[PDB]
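Visitor: Just need the structure, nothing else, for what follows:
(one chain, ligands or ions: 1)
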Amino acid sequence: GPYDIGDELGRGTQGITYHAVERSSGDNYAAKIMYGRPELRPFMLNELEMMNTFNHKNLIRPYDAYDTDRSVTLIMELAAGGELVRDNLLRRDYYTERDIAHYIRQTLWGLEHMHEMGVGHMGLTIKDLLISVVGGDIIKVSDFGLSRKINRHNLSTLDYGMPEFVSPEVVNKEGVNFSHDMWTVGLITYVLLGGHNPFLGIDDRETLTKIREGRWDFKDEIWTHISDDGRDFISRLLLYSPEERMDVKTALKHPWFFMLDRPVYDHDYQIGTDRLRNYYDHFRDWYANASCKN
Ligand SMILES: Nc1ncnc2c1ncn2[C@@H]1O[C@H](COP(=O)(O)OP(=O)(O)O)[C@@H](O)[C@H]1O
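Guide: Residues are numbered from 1 along each chain as shown. Pasting the structure now:
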């Protein structure tokens with residue numbers, strides 16, 4: 001057996017990811033082991049096929065795979081810094097808007113690689129942004145179980161996802177385009193800066209009805225301390241009409257990212273982690289019992 005499976009690293013809707021050591025080298029990998037439900041096998045094979053299609057510094061790379069009759073295991077590149085939110089932002093007291101723009105720009109470079117070859121990610125959430133080394137700042141995007149080739153002139157519905165991060169076209173059961181990923185980028189950015197999800201309802205059903213209606217605002221006081229460009233970036237992505245949203249290349253040209261090409265001023269506003277901490281605690285609980293998708 002080539003891999004020594006160690007501690008749980010995280011969990012998702014298709015399985016649990018563990019630390020794995022390749023015996024013959026001592027190198028560390030991540031082992032994703034699917035839950036023992038045979039209907040998950042197509043998603044695991046999709047993830048494998050997708051990961052073998054990409055080759056980009058901001059997308060997790062595949063390594064090995066094997067299976068039993070029931071269950072598939074995927075061995076993949078280990079993001080050794082763990083999850084951006086759980087393992088990096090939430091071990092600090094404060095972060096800045098400039099930090100978040102640095103992470104989001106890298107997320108967009110990974111997405112742009114995917115979009116350029118005709119593939120939508122389809123399932124981006126705050127847990128899918130990983131950091132490659134302990135204490136580092138290089139983003140790795142993961143979880144391609146739902147990723148798919150998109151024909152912009154022959155759209156299909158998306159029937160799966162985490163309710164707090166889907167788009168209105170998903171809730172209304174309409175065809176889903178690349179602009180769905182862009183909606184999710186706007187929502188992740190809103191969550192990372194403001195520390196709350198503007199569509200969160202009391203339960204999954206209510207969250208979905210809030211997304212379906214599509215209304216949100218910058219009411220919390222934190223937003224008065226976020227730059228105009230940052231609020232503008234979000235507001236060009238969280239648009240109900242999918243065709244009005246910025247595409248990935250336009251998003252990458254947005255002036256919000258101009259601050260990354262200038263010296264880190266000694267006057268960046270310091271955003272406390274308490275709000276994000278509270279939302280993450282809620283978000284994490286959704287994964288306590290496998291998955292509640294469909
Ligand atoms: N390559 C990886 N490196 C480090 N941790 C990972 C990796 N892949 C997954 N994880 C951990 O597992 C968590 C959930 O995995 P996810 O991609 O949502 O799997 P699935 O949805 O297929 O069950 C991630 O948020 C992360 O903590």
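
Visitor: how about the residues of the stretch 101-250 of the chain near the ligand?
Guide: Taking C-beta under 6 Å from any ligand atom as the contact definition, the stretch 101-250 of the chain meets the ligand at 127, 130, 142-143, 145. No exception for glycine: its C-beta is placed from N, CA and C like everyone else's.

Visitor: Phi and psi next, for residue 4.
Guide: phi -100, psi 110 (degrees, to the nearest 10).

Visitor: how many neighbours does it have?
Guide: 12 (other C-beta atoms under 10 Å).

Visitor: Hmm, it is touching residue 20, no?
Guide: Yes: using C-beta atoms under 8 Å, residue 4 makes contact with residue 20 at a distance of 6.7 Å.

Visitor: For residue 99, state which of the residues of the stretch 101-250 of the chain next to the ligand is nearest.
Guide: Distance to residue 99 across these (C-beta to C-beta) is lowest for residue 130, with 15.6 Å.

Visitor: what's near enough to touch the closest residue to that closest one other than its chain neighbours?
Guide: Spatial nearest neighbour of residue 130, excluding adjacent residues (C-beta to C-beta, 6 or more residues apart in numbering): residue 79 at 3.4 Å. Each residue near residue 79 by C-beta atoms under 8 Å, 6 or more residues apart in numbering is listed here: 30, 60, 130-132, 140, 142.

Visitor: Quick check: buried residues in the strand or helix carrying residue 103?
Guide: If you go by DSSP states H and E, residue 103 is part of helix 97-116. Buried residues in helix 97-116, defined by neighbour count with 16 or more other C-beta atoms under 10 Å: 97-115.

Visitor: hey, where'd the strands end up in the stretch 51-200 of the chain?
Guide: 62-67, 72-77, 82-83, 94-95, 119-120, 129-131, 139-141, 148-149 (DSSP state E, counting those that start in this stretch).

Visitor: Name the residues that touch stretch 45-65?
Guide: 2-3, 14, 29, 32, 72-77, 79, 106-107, 109-110, 113-114, 117, 119, 130, 138-148.

Visitor: Domain ranges for the chain, per the record?
Guide: In the domain annotation for the chain, the residue ranges read 3-77, 82-285 (automatic domain parsing).

Visitor: could I get those as JSON lines with distance to residue 294?
Guide: JSON lines is the format used below for the domains of the chain (distance: least, C-beta to C-beta, whole Å):
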{"stretch": "domain 3-77", "distance to residue 294": "11"}
{"stretch": "domain 82-285", "distance to residue 294": "7"}
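
Visitor: Residue 197: how many residues sit nearby?
Guide: Quick note: residue 197 (other C-beta under 10 Å) scores 21 neighbours.

Visitor: shouldn't it be in contact with residue 279?
Guide: Yes: between residue 197 and residue 279 there is a contact under C-beta under 8 Å: 6.1 Å.

Visitor: what touches both of those two?
Guide: Going by C-beta under 8 Å, 6+ apart, residues that sit against residue 197 and also against residue 279 are residue 191.

Visitor: one step back: from the contact counts, what lies against the helix holding residue 103?
Guide: The contact analysis (3 or more C-beta pairs under 8 Å, 6 or more residues apart in numbering; DSSP states H and E) places helix 97-116 against strand 139-141, helix 179-194, helix 248-252.

Visitor: could the ones you listed be laid out in TSV, adding mean neighbour count and distance to residue 155?
Guide: Below are the helices and strands packed on helix 97-116 laid out as TSV (neighbours: other C-beta atoms under 10 Å; distance: least, C-beta to C-beta, whole Å):
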stretch	mean neighbour count	distance to residue 155
strand 139-141	24	23
helix 179-194	25	10
helix 248-252	16	17
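
Visitor: In JSON lines, list those along with distance to residue 39.
Guide: Compiled in JSON lines, these are given as follows (distance: least, C-beta to C-beta, whole Å):
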{"stretch": "strand 139-141", "distance to residue 39": "25"}
{"stretch": "helix 179-194", "distance to residue 39": "23"}
{"stretch": "helix 248-252", "distance to residue 39": "31"}
